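Q: Return a 3D structure for these sequence lines:
(chains A and B, ligands or ions: 4)
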Amino acid sequence: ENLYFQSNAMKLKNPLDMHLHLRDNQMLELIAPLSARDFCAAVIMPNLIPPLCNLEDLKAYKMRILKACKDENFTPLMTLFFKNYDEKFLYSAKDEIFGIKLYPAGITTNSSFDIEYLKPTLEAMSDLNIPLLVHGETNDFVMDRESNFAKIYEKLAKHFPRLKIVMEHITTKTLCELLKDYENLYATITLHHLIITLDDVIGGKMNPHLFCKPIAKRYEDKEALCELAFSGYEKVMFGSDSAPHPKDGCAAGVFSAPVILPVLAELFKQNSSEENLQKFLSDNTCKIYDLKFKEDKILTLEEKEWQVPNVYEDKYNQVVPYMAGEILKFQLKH
Amino acid sequence: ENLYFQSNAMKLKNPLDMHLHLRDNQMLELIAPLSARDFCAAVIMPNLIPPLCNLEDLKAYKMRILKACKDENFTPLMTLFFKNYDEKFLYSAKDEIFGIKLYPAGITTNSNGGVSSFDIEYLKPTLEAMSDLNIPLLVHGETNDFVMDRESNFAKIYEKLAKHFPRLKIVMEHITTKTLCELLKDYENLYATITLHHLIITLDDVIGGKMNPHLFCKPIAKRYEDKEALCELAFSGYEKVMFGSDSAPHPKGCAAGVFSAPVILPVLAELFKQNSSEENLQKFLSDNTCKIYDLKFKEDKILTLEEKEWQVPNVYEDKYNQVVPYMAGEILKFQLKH
Ligand SMILES: [Zn+2]
Ligand SMILES: [Zn+2]
Ligand SMILES: [Zn+2]
Ligand SMILES: [Zn+2]
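A: Residues are numbered from 1 along each chain as shown, chains lettered A, B, ... in the order given. Ligands and ions are numbered 1, 2, ... in the order given. Shown next is the protein structure:
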């Protein structure tokens, strides 16, 4: 529609963040609202110290999140850290969790990954319709860690053709292509991997604020990621992997939470459509897991410049955000 | 060799650092001694602001270097920053300079006035005079392509320069790829320098775990097979390879460069014992360069290294600057008689 209003440049419905890190305690209080105010729900990753491996610690964490957000409507979609859980246990938790997140540890390729430890649990998960979320990286050379995990994703897809396997934060053309080879393979894509490549991280001066895992790769990889997100391909969902770290330059992670919607807005207007953004941020997820909502959350973006602050700050913590100091074209009223 | 005395009495004769950055002014006064003490000579890169492009300024900088070294036996091998010099200018400079260093436009630290074209006719007059006058072309071999491919993609350029200027000595500085290790064997006029760090680290050390800015330099450390090929050339003492540290300090993230000057000899000493011979170390650090250029010395500078542990300072301070050294805070198995 050619003519439009400054106050309504984009409208988004029930935006979901399918990969979020909210940390805990004092940090959680600082950053949860930043996601809560722009999303109706987010998959909360379980990599706390120590990791969430039982339902009592999960509920307590859920409660801390609900307190810190203070922006209902916001439903945290809870997850457990992967370990060898038995059928009885999973049956017990299915109504309490959205999924189980696997963090592989110690994988060499010539690989040394034995899925036998996983089989009983994955078989149960399949039958109970519980999705497996995976941080798909081996321990090989940093640029190859994701691509070398492709064969591990294939193996899992064949051995468990009824299990939903979400390849988290894909960053390679390899996985962009693998995604289309198996029906039960899905993926989440971050905001940053649609914009950066390795050159941004170490091509000129080293830029720690753009450092994350998996590392940003090549231009061909970035284009493959953009083609899936911009086309709204049914099996890709937005997952920020917003992962803050207290300001000291060496820890991995990008805190993109507060700038996600505005940056995606601009990105899709320039390269795609409101409808495809709507799919990438919500409809795709809703179609895959059959989600529905009682009270819709509608976010309206206004075409009014603002400068991203150099930090989001609390008494106990200071976090540098993605795009810190940059000027964005769109903004939500908070 | 199964038996030895007091400590590993390893002698090194006339070590040469064929690729070194000494900066200027106050910085020079602080770091120059750290090299002048362990080396008898070093190729001094001209990437100053502004870059050394005339004899007057080169002499001036040389004088500054000589003062900064003081009582040390050390000959700085001077270079000019590459540009389209003519035969007349080159003829007057041949005895004042060791070589001319080519930096591709805006690829590394202080290169904005660099070469932006490798057109054969554009460079012909200069490279032919250099060829006739036996002046060598030292090159920072990287394109502006994707960071991990900058050096390998530069191979076609070194190759055309070699074919078009077959009597020119072309030194591929700080090589970091198997591609250039191999290309070195294809043309008689191709030579190379290798750094200390590139014999040791890969990209994984720089960004595999935590980002380690102290290990960040240009050309970026690459793959395991790249490092192995570099080690095979250095350890075997291959005649066309010479040690060049590319020691480059930065005042205290982060800027590109490793400041390895203070720790080169002992670190190299340990490396060559585990993987090579004292003879091959002597070749890599000195004899190869000496043979390639026909160097001679009024009096030799013999340095002895003993296995007496020592911790590397976390910084090399003074009144004007403070620099973090390579291997900072590390415990080295070898030492030089200070
Ligand atoms: Zn992850
Ligand atoms: Zn994550
Ligand atoms: Zn260089
Ligand atoms: Zn250099």
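Q: Could you use CA atoms for every contact and neighbour count after this?
A: OK.
Q: Quick check: residues of chain A near chain B?
A: A:141-142, A:198-199, A:202-203, A:205-208, A:211, A:218, A:249-252 (C-alpha under 8 Å from any C-alpha of the partner chain).
Q: and those residues, which two are the farthest apart?
A: A:218 and A:249 (23.1 Å; C-alpha to C-alpha).
Q: Could you check which of those two is surrounded by more residues?
A: Between residue A:218 and residue A:249, residue A:218 has the larger neighbour count (other C-alpha atoms under 10 Å in any protein chain shown), namely 19 against 16.
Q: For the more buried one, which non-adjacent residue is spatially closest?
A: Nearest residue to residue A:218 in three dimensions, chain neighbours excluded: residue A:197, at 5.6 Å (C-alpha to C-alpha, 6 or more residues apart in numbering or on different chains).
Q: isn't that neighbour right up against residue A:217?
A: Yes - the pair residue A:197 / residue A:217 is scored as a contact, 5.1 Å apart, by C-alpha atoms under 8 Å.
Q: what about residue A:326, how many residues close to it?
A: Count around residue A:326 with other C-alpha under 10 Å applied: 12.
Q: residues touching it, list them.
A: A:307, A:308 (C-alpha atoms under 8 Å, 6 or more residues apart in numbering or on different chains).
Q: what does residue A:286 give?
A: Residue A:286 makes contacts with residue A:292, as judged by C-alpha under 8 Å, 6+ apart.
Q: where's it, which helix or strand?
A: helix A:284-289 (DSSP states H and E).
Q: Please state the offset of that helix from the chain centre?
A: Its chain's average C-alpha position is 15 Å from that of helix A:284-289, according to C-alpha atoms, centre = their mean, to the nearest Å.
Q: Helix or strand next in line after that helix, which one?
A: Next in line after helix A:284-289, if elements are assigned by DSSP H and E, sits strand A:298-302.
Q: Partner strands of whatever helix or strand comes next after that following strand, with direction?
A: Counting by DSSP H and E, the next helix or strand C-terminal to strand A:298-302 is strand A:306-307. Counting by DSSP bridges, the strands paired with strand A:306-307 are strand A:327-328 (antiparallel).
Q: contacting residues around the strand it pairs with?
A: Taking C-alpha under 8 Å, 6+ apart as the rule, strand A:327-328 contacts A:262, A:263, A:305, A:306, A:307, A:308.
Q: Quick check: nearest residue in space to residue A:223, chain neighbours excluded?
A: Closest to residue A:223 by C-alpha to C-alpha, 6+ apart is residue A:194, at 7.7 Å.
Q: Phi first, then psi, for that neighbour.
A: Torsion angles at residue A:194 (phi, psi; degrees, to the nearest 10) stand at phi -90, psi -10.
Q: Could you report the neighbour count for residue A:117?
A: 11.
Q: residue ranges for the strands of the stretch 151-300 of chain A, please.
A: A:165-167, A:185-189, A:236-238, A:298-302 (DSSP state E, counting those that start in this stretch).
Q: buried ones in the helix holding residue A:286?
A: By 16 or more other C-alpha atoms under 10 Å in any protein chain shown, the buried positions in helix A:284-289 come out as A:284, A:285, A:286.
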